[PDB]
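For clarity, chains are labelled A, B, C, D, E and F in written order, and residue numbers in each chain start from 1.
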Amino acid sequence: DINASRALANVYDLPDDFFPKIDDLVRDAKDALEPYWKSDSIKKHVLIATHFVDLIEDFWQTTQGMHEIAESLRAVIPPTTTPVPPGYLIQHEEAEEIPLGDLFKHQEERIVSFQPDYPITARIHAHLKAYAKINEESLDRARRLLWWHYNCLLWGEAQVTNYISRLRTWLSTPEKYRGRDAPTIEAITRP
Amino acid sequence: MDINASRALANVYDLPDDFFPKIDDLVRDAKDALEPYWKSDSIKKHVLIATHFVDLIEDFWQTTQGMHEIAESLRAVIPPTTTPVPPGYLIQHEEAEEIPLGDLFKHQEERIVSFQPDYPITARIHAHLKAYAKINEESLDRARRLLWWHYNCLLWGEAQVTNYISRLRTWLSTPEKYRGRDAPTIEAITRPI
Amino acid sequence: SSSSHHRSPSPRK
Amino acid sequence: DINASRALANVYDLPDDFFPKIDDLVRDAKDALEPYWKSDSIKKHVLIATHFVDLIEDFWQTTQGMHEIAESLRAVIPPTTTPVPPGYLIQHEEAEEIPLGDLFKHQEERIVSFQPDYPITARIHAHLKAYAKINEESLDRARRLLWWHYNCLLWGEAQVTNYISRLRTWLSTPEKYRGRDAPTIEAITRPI
Amino acid sequence: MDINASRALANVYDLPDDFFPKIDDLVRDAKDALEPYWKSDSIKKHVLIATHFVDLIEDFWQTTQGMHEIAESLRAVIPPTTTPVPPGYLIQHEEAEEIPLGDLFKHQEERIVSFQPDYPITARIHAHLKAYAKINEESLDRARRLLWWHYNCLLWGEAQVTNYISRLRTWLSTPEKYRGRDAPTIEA
Amino acid sequence: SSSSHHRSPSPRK
């Protein structure tokens, strides 16, 4: 639907701070999709949510670990080693262009193409950074889509896409003519 | 073929991992065969499932293989035979759910230190990377299996796919001498008009 | 009398 | 038909030894098509098959002669001249995207970008190898399509499709869940 | 003017080989006009034949012209005056269609050594390439003419294109003074 | 009366 796609894109663009803590998001999603699991239902939102939940719950911890590893490695690489410039590393598009696997060799020939003589301790840092970038992009997209599909399953597509729009508008406008407080789904707060 | 038994068998995970084709041509044929439903904007269950798993693989398999290769290149650098590799102390997929999302490296290095306080930073990195790569590889194997399953189902029906795998397993469990001179397949018929 | 495909796919035995 | 597209892809994906030799293929294709020519029919398979036969009869000889001329120039090339590596040899997709005319100049600038000065003989050798590669790709596609349409004409389309699917599946299995005998042409030979 | 005579005069191969358009423009126009029927997955006679000829044209022509320029370079760096080229001994398509599809090169070598058994390797190569170029060029000219024919037939119609071509020839025959400044067109 | 195409297209004279 056109309004649904509008809300979906506006979600994709959202400021990343209104999305709740991923931990509680996942906990509530896998606590609220349990009944449909027991009932074997196959609704669209149910499928997408119970799949992105598995994806996140499987690949978020390792990505955060990779980031921590890269941050620990930056401290131990020898100093003034001329860090790799941003944009030269393999990104998502050329990555998915590369066939499955055989990407480490491409990153390696790329890092040597910029600096033939580069310590392995920093080649590893660059590789980890470039991998975690892709992982985090995909996982953020998944988090967003999960929040959307889940809140839609809870309240209704045509009741959440009339909140995404109000929020987008109030969020673009400047502060003076937009009241003082943001809009919420009155069904949450109504006595 | 007692339909109940046939259904209770033929669970995808009951496959030796040699039957599935390579990931490359697997995803290739999956895309080339589900593109019609994509362009026609289908909503079918199996289509959705194959699409999700295809995106998952296409996004994360590259990075998992890269992490394996990084573990290798790093083992090529670690102090040789100066650091006994600790098994078991590292956490596999099962204990992952208990750990909150994020702060996994915290627990991992905490255990590594409880094992060897003087553990060199580099071998520490290698252990972390190998553990994470195993965690991802298990789930990617699962996703590959489910993708093959949902794809062959989209093609030939779950009633026929589960009836085929069932026959395949009870064939593999039949001695190579008395199996016969044929293998159970899935018929792909096209009668004329 | 189907298999225990709780979600759309089939889970472990 | 989606099944026809599947069959075309399957044909494009085959071991390249399952097909018969060009000589006998063209022989029996003409021997089975001549009557439709004399009767002035326009069946799709007839059209495609006769056009592909004309193509092959017109270009396979020249392609093979080109290969042999390359192998003969390799006897006069100065020794240990470092034959050009791939990547500096234009392939089919680049040949398709580059304008219809003046392909030799692009190949020349590419080989000189690889090595600034390069002997005329080895230049010729590389040019011929690339051109013959392109022609061979095209003629392989043509041979496959010709066998497909000719056997489709002589034994219907459905049976050929069934056989092709069965055989491609038999080939795409890891030798352990396959059998001990590949599906044989008798399948389409017989009626149904 | 009259239908039977117009139908018996119309034969693409009667054209002067210059009224035809440029190959690249022709191919571009044919591709752009077939794209719709392609996506519709039709089975029309003209569509099939035209797409086949277009594929042939975009794959062979490039290698054909390439071969020509290669032979030209070899002649430029051949023994300049010595080793005069063999006139007419080279085989054309009418003969090449007879030899098996494997060993045209052997028969060409036989012809060359028959004319002269003491002939340099590079001149040998240049001659072989020139002959192959002539063969492929004849075939590609036929292909171009058939492509133009079927393209315009698909666009307008065979009844119209035939009558049109008939008028074109009857205008080429007339003298430049008493003919029209311009040649006719389709849909007149 | 029509020039029946020997092959699918129009051949030479």
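Here, contacts are C-beta pairs under 8 Å (C-beta built on N, C-alpha and C of every residue); 3 or more make two chains touch, one makes a residue touch a chain.
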Task: Please name the chain that ends up farthest from chain B once chain centres are defined by their CA atoms averaged.
output: F
- request: With centres defined as the mean of C-alpha atoms, identify the chain lying farthest from chain E.
  value: C
- request: Select, from B-C and B-D, the pair of chains that is joined by more C-beta pairs in contact.
  value: B-D
Task: Express in whole angstrom the distance between the two chain centres, defined as the mean CA positions of chain A and chain D.
output: 46
Task: Express in whole angstrom the distance between the two chain centres, defined as the mean CA positions of chain C and chain E.
output: 64
Query: Taking each chain's centre as the mean position of its Cα atoms, how many Å separate chain A from chain B?
result: 23
Message: Using mean CA coordinates as chain centres, what's the gap between chain A and chain C in Å?
response: 29
- line: Residue ranges of chain D touching at least 2 other chains are 42, 47, 51
Touching pairs among all chains present in the structure: A-B, A-C, B-C, B-D, D-E, D-F, E-F
Task: Can you check the complex and tell me which residues of chain A touch chain C?
output: 37-38, 40, 42, 47, 50-51
Message: Taking the touch rule as given, give the residues of chain D at its contact with chain E in the complex, in rising order.
response: 22-23, 26, 42, 44, 47-48, 51-52, 55-62, 64-66, 68-69, 72-73, 75-76, 92, 95-96, 98-104, 107, 120-121, 123-124, 127-128, 131, 134-135, 138
Task: Spell out the part of chain F that touches chain E in their complex, as residue ranges.
output: 1-3, 8-10, 12-13
Complex interface listing, chain D residues touching chain B: 2-3, 6, 9, 156-158, 161-162, 165-166, 169-170, 172-174, 176-181
Query: Of all residues in chain F, which touch chain D in the complex?
result: 4-8
